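The next block holds one structure in the form of structure tokens; read it before the comments.
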Amino acid sequence: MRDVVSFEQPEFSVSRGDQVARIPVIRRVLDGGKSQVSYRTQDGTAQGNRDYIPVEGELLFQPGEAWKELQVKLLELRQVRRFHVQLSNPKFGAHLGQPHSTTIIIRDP
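Throughout the sequence shown, residue numbering follows the authors' numbering, covering 988 to 1064, 1074 to 1105 in sequence.
Rendered as structure tokens:
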């Protein structure tokens, strides 16, 4: 498989006070062209519009591009809550690698 797109890790941990989660997405074994995947947040115990700002869209990798950073905004209100991000719908010859979903763990300062 070429143009393999994944999250770098199955979990990332952030502080609620950071205002943003910075989530790396990599593309490996480049064939030389563009690739696209879709991405979307999904609630866990962290909930959209309470704990974080939901987002969905497309990640278009131009030729040569090996990674992206997703930035999901965090909201302020011992406490731990999780949301998820999922990759789907590979286009232009792209494939999903492992992990293609990830969990963002929001912790109190």
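Beta carbons: idealized from backbone N, C-alpha and C, even for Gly.
Please classify residue i: is it buried, with 16 or more other beta-carbons within 10 angstroms of its beta-carbon, or exposed?
| i | result |
| --- | --- |
| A1090 | buried |
| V1012 | buried |
| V992 | buried |
| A1008 | buried |
| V1081 | buried |
| residue 1066 | In this structure residue 1066 is absent; the chain steps straight from 1064 to 1074. |
| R1077 | buried |
| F1079 | buried |
If I'm right that residue i touches residue j with Cβ under 8 angstroms, what's the distance once you round it to whole angstroms?
| i | j | result |
| --- | --- | --- |
| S1002 | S1084 | That pair is no contact at about 28 angstroms. |
| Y1039 | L1062 | 6 angstroms |
| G1004 | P1095 | At roughly 26 angstroms, the Cβ-Cβ gap does not stay under 8 angstroms, so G1004 and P1095 are not in contact. |
| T1028 | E1043 | 7 angstroms |
| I1010 | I1102 | Between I1102 and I1010 the Cβ distance is about 12 angstroms, and since that is not below 8 angstroms, they are no contact. |
| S1022 | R1015 | The pair is not a contact, with the Cβ atoms about 11 angstroms apart (cut-off 8 angstroms). |
| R989 | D1018 | 4 angstroms |
| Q1006 | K1060 | 7 angstroms |
Locate the beta strand (DSSP E) running through residue i, then write down its first and last residues.
| i | result |
| --- | --- |
| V1081 | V1076 to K1087 |
| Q1058 | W1054 to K1060 |
| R1103 | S1097 to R1103 |
| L1047 | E1043 to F1048 |
| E998 | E998 to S1002 |
If contact is defined by three or more beta carbon pairs under 8 angstroms, each pair taking one atom from either stretch, is the segment 1047 to 1055 in contact with the segment 1029 to 1038? no
Mind listing, in chain order, the continuous beta strand (DSSP E) runs of no fewer than 3 residues lying wholly within the segment 1011 to 1036? 1022 to 1030
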